[PDB]
């Protein structure tokens, strides 16, 4: 696709570069998660690495959780409750933000799988 929304897992340690859209943004959830990473780091070396990861989003669009994302989160949440399937709540916020903007979620990990086929949801595994 033309654009996509990176989740937190793409920032963590190669990616399938061919599948990354031409233009990328992330969300405030990932900003939060990378920041908690810096604050939780046990040793300077890890702290320095994680601090570089946090800094890598400094110029990048960080999409907020706004009203449209909130409405989407509710729809996706009930979809999951009915099916008896689960997603990390912070991953659901990410998916809600992306879906509400009709953008795919770009992920390195396996959490968004439960949402495949939900309206406005497109997951790209890298």
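Numbering follows the first chain given and starts at 1.
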Zero if continuous, otherwise a range: how many residues of the deposited sequence are missing coordinates between residue 113 and residue 114 (none, 1 to 3, 4 to 9, 10 or more)? none
Quick check on the record: does 70-78 or 97-105 carry the larger mean Cα temperature factor? 97-105
Residue range whose averaged C-alpha B-factor is higher in the record, 53-61 or 33-41: 53-61
In terms of the chain's CA B-factor thirds, is residue 3 lowest, middle or highest? highest
Can you tell me whether residue 121 has a C-alpha B-factor in the lowest, middle or highest third compared with the other modelled residues of the same chain? middle
